[PDB]
Amino acid sequence: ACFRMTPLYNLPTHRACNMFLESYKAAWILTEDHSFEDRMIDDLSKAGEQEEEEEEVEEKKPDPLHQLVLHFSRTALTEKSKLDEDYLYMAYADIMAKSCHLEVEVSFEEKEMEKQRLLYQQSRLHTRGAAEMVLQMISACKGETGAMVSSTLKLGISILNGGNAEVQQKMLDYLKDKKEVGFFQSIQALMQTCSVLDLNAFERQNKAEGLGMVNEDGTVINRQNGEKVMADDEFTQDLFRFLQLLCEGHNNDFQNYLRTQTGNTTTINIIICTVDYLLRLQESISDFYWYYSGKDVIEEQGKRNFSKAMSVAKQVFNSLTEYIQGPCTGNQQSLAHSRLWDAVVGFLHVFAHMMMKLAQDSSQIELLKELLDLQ
Amino acid sequence: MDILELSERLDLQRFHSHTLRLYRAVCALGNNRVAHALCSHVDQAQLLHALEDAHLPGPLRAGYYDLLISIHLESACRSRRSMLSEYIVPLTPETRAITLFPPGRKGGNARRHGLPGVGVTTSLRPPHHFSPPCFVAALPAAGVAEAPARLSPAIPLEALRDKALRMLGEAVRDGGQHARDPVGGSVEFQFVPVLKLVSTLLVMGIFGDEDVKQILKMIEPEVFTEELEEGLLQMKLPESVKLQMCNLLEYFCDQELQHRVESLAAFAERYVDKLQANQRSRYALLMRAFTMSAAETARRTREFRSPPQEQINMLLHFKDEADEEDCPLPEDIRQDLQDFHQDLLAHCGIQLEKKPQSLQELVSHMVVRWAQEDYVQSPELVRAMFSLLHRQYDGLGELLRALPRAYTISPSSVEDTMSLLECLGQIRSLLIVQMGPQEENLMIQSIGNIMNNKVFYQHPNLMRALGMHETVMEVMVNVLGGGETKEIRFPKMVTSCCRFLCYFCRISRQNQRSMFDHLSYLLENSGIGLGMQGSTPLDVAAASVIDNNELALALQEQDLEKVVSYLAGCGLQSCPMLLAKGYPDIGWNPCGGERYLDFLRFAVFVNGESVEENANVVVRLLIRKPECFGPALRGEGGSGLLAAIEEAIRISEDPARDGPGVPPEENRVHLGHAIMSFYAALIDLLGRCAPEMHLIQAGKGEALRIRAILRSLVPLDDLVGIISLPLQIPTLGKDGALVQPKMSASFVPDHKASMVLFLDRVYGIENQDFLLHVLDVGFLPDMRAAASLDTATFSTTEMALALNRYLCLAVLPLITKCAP
Amino acid sequence: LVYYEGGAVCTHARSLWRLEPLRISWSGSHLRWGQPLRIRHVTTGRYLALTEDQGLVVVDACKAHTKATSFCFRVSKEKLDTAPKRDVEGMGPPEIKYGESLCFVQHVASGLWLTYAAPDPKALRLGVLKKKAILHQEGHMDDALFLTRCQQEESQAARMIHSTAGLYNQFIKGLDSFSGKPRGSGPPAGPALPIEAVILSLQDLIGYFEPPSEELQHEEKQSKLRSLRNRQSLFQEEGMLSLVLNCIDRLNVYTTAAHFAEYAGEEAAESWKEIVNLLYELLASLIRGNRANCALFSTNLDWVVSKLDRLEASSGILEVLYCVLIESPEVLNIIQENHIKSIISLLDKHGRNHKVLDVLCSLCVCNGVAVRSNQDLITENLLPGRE
Amino acid sequence: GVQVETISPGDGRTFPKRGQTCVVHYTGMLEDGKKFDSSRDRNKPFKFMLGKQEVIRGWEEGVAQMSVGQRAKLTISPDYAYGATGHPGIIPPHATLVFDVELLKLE
């Protein structure tokens, strides 16, 4: 078929134009960089020349940015069976998230300046109810994965980066006064839907990539449709990153609250739930090692799936570390009596055998480096 | 009494206002037949008089404005609004002249923005259709649900648009005067009814270029000048009026987006011609390269040995200035794209003063000013203004998300595309109405017209962009959703939609993949699809994975588990529909189970080979629920496969046990034939789940285990016994009439064909003595029977044709393999 | 009979139990392992019991004699049998936790363990996930039970259902006492109807199911709406909605108060009109805004429509019809011509009421979907008359 | 079932024949006095051709008896109009229709 491929000048004009539009948007429109999140948030955070009266109006009606957060907080608190998909919320959640981070020997002076600049950008949101909105949206999804919850988690991480104590206090206060069980029920459900390494899915992909499929209108060179092995790995990382940031800075009050919610009618132990996912991830990694144990060299697709599994395992270990540091005696006792020891025993078996296997060929040195820091 | 007396008679005012609400309700959502009836009660003169009546009470003024829209404009506006999200741009000379900026001398990178909604737009939009309201025409002789669908009542649009412009202009001046008696009793009642009418007419495209300019002057006389008159944006209106102002600005923002898409399509037509002309010239000179070059000619001709999509990807790869070596375009051609890329970003306000000077700056300033002037209390207004604000800040992203719905077509295919859009508009109108006998006929003929259109097959990508398969699927499931267990009504509509989707999948793999994304959605609605016969949602699911290894390997286990759970249910309960028809109660549903069996047949067998990933899962799922094998193969207390078939034959020969015993019903179900068909389907499925020979020869442990399980389920002697069963042969007698079996109520060669497939794939013929044993009891009697039927009378009989298919697909190919 | 059931029953009122220790003073102290106590079903008022005939059942309070109805929670099935613990005069030490402690329920008198009946096969095809609870000498390893707290809103509602059901059943059987027995020139010859109790109970429930005021902020309004929907579902699942219908039906067989006086006397007839109006008002409150409750009328719609011409509660019955139509699209699909003609006849006989027009508007479009049959029937039977 | 009562005389010489377009202005009321249709309100004359059964059969004979410029009152029995089926939402079943028709011109 290569030697009989039709040249572009023999195609009809309308067909060639359609191909041009697809090529132009991918190479020229998508690649274009336009940063407007900082400018948009700055414009919405300004009160408009209403300071010529300075009376008892000190109630200080919300600024345009504040009204935007209240509107999304309004639809999150609406009594509905399912949180319907909203592109407007997703678009603005990304805008708010992208406006808060904005980020080889950095000195002490500017290191603090970056932290203070980071705090100010986060302050523009959590002082306008953004911290409460994130919790409401998580509780509204009721444990259903999707673009809505993923956008909410990214926004929550954006305002919690660096261990923002002020945001943590606002989130903790809101949960304790409402005494709602939906937030942790949603979190627990999301963690149970997180995927691990599936060998059956991996085996199917290897056969699929060996067929070499093409399309009708032209010919696609091994189309790269969505990965089906740990497809939501990025979602899993931010879900545990969000939980880690709730305890960042050794917030003992939030560390105890994750283990037990005293005011709620029912209690969910998030600390134990994290260990449950770690066991499932560890078992999947152990199964993956046995699959390649007979084989002499791990091929490229296997190494990539190993790398993303280790990245998720790093976040879970970091999240567990943040739960107990400070130290939090209650969380330490909870982990001691949990199945964490079984997971650690399993990881040691995988670590010992993978180190010996990976060291036998220099083509897998990068994977070995990632394995070592995971240990 | 004068209707103006209702300003003090509040009891009658409320009742009459709700009467107008009832008028809108009965004609709501495309009920054009009732809309014509309402014209006999509220005629055109009354409606036009009510619009200009300044003494009408607010509820009545708002009611009559909404009544006019509902009767005459609601159907046309809704249909037009659905088409506004797509951009089908024909490559006509009018399209070629479209440019991002008007011809001017302001700046090379970007001139001044033109007035939004003013200019030439070539995107295809089907025209509005109206019928004159007449009550003296002869009533059609056509019966109900068969006459053509009624159109909306006709009202003079040119006169209506002039009145709407004049009334809006007067309101702006009147609003400036700050009169203590605004029309309708409040500022809200004076502007909202008028703005709704203007917004509706703008969407319908009634206003011309001059009319749009007048509207822009009223909105903002300073920004929208081309080269007390206060604009609406500065009149300090309440929140209800502000919501209508957002709708107006939303239309003009859409026109700017549409202009960018058409301009981009216009540039594509011009740029492709230069690309094609240059590539033709480059190829011409490249044919003489051997005189001054060598083996690296393959690198230069690499472009011509690549798919056309990849060819144009390489040609446009000169943006980052680090890829100016692989791109073979001359610098002059490269400059044209870069010049257009600069003025496209400028037209989106990327980069390149209290006056906004543009729609983008006007809307952004207005939304921010509104929010910081007061705490907005209307959630609808808050969403409207922030949705509008987001578009202005992200114009390139808005264009990026609209390109997937943009499509360029040849000017010679415009008329067929317009016809297809008309049919699609009819189908989309059925998403907001409960299905009925009249809507069923409209849905069926719309599907038939679409499938009769060449564009539907020439441009599968365009059909996918229009969401045609989604719209048809949503209509089907709404009918299936109602009455999901007791009775399915409008069966002809369901089988028309299902047949449409099956042909939709076979057009291209991309269409097949698109329907594969709804595989779980189809399966959950396929539980009751067994009741309907013909094309069913289960058939659509099967058609979305047939002969496609990529989709077969992507089939999730949950979908297979869902089907096996359905199959398990059919093996434990009788069909409720059959029981209600007087059928004898056997403790299972062979008819329903067979339909699920053939779906699994397509999931595990693709292109003549068994998909081991799906085959292993299906076998393991089946054995975990042994009731999927039927009352036979039950283990304890269960007769063998051979005994079940023999029992089914006796059932078929005996009435009062094979049917109701009251085709008679034109699709009469025979339990004897149904039982054989189930086991034949089950044996066929298990045979196709057998591992391929190369896996068995390789000694794979999983393959050997699966074959051992299959052998345990179906003993070899039962296979030979079924093949050895006699077949009824069309004979002659009783004056010479042909005594033929009824193929729908008897043992047929197709049942034997499934057994042969299992024997070949699972057991095989490895020794000569076994081969001879199979021939003289199972194969040779059938071969002789077919040979004897090759006479003048019996050659064309149904049984003879079935025997030929059985021999030429199962028996003879097997004997050819066993020839040595 | 007692079953182990899952699904929606975990949020219903029939899965609520009250633990009653065998004492009055300090009966609210912390529960202790091995402490005898009765287990009472809140909505029915019956006590878990062991009978020589049926085994493990729930019996009335007149048959709970501290021997069949004494149970205790034990941390393990080991036969400790150490000593009878003596109760203290105080809260005592906290032993059993909510949702963490695993408790084995043992019958004190017999020593049997609470477990499931190991359901017989061939019954799984029937969809019966329920496992019958039995008392057995050995039991199984998974007999441990988790004790989960119940919200005060649900606990109060379950007790109200118990009291409401008993009162209306007494009222219903009182009506059936003189169903076809005219009193003549004498007393109704039976116990007096609980007229004052029924009226007060109806008024309390009407105020109990009142929708939240529109002037509240969005946050608390949604919270009250969520609580209101939960309470409506709790009452409906216990048959309160069907109980109200039975009261209406028995009171609806009398055309007027004077006709009702011919069977219940004058003193009971003077409240006949008040009770029927309250019954329809309560019926509307039980279904207003609840699609699940409104969908129940998709099988009995002539029940509401045939009562539209009743003069004693014309406004209340119309409100009930309005609530059903605006919530349940299923009811709109069963609307027939005779139903619409009856509603149109309401305009002819009761005058120009705008609420009847709103009822007709709701028949056409529901949740953005139009019904052609309803629109055509309304147009055919209302417009051409021009009256 | 059409009775034609004259309101204002026409020319009295030219009459519409088969295949000729008739331009009329009409106002239709039910025989009890309730108006249901009128071309005057739409301000556009109604055009139809005789013999093509475009209109009800009552109009076929009624207009044929009229002259150009004549204004007449046509009373049509239910059989010569919509009759038992009627016009749903406009004309009740078994309704006698009364029309005030003016024959503007022929084309």
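Just so it is clear: chains get the letters A, B, ... in the order the sequence lines come, proteins before strands, and each one is counted from 1. What's counted below: heavy atoms across the whole structure, side chains too, no hydrogens, waters or symmetry copies.
Residue A:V134 comes nearest to A:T152 through the heavy atom pair O-CG2, 3.4 Å, listed as atom of the first residue, atom of the second, then distance. The minimum heavy-atom distance between B:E310 and A:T219, with the atom names listed, is OE1-O, 3.2 Å.
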>> Applying salt bridge (charged side-chain N to carboxylate O under 4.0 Å, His left out) to B:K319 and A:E32, what does each step give before you reach the verdict?
In response: CA-CA 10 Å; B:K319 182 183 178 181; A:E32 194 69 24; 2.8 Å; yes
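Here B:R707 contributes atom CZ and B:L695 contributes atom CG; the two are 11.0 Å apart, rounded to the nearest 0.5 Å. To the nearest 0.5 Å, the span separating CD1 on A:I285 from CG on A:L197 amounts to 6.0 Å. Here the CG atom belonging to B:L403 is positioned 9.5 Å from the CG atom belonging to A:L30, to the nearest 0.5 angstrom. One distance of note links CD of A:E370 with NZ of A:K308; it measures 11.5 Å at 0.5 Å rounding.
Taking 4.0 Å as the cut-off between side-chain N and carboxylate O, A:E299 and A:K303 do not count as a salt-bridged pair.
A:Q301 and A:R304 are linked by a side-chain donor-acceptor pair at a separation below 3.5 angstrom, with hydrogens and angles left out of the test. Side-chain contact annotation: B:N616 with B:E702, donor-acceptor N/O pair under 3.5 Å present. For A:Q325 and A:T321, the side-chain atoms include no donor-acceptor pair closer than 3.5 Å.
Cation-pi geometry between B:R305 and A:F3 is met: the NZ or CZ atom falls under 6.0 Å from the ring centre, inside 45° of the normal.
Exactly one residue among A:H101, A:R241, A:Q244 makes a side chain to side chain contact (heavy atoms under 4.5 Å, CB included) with A:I157. That residue is A:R241.
Using cut-offs of 30° and 60° for the angle between ring planes, the A:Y292 and A:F202 rings count as tilted. The aromatic rings of A:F288 and A:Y291 lie tilted to each other, with the angle between the two planes from 30° to 60°.
The aromatic ring centroids of A:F347 and A:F317 lie less than 6.0 Å from each other.
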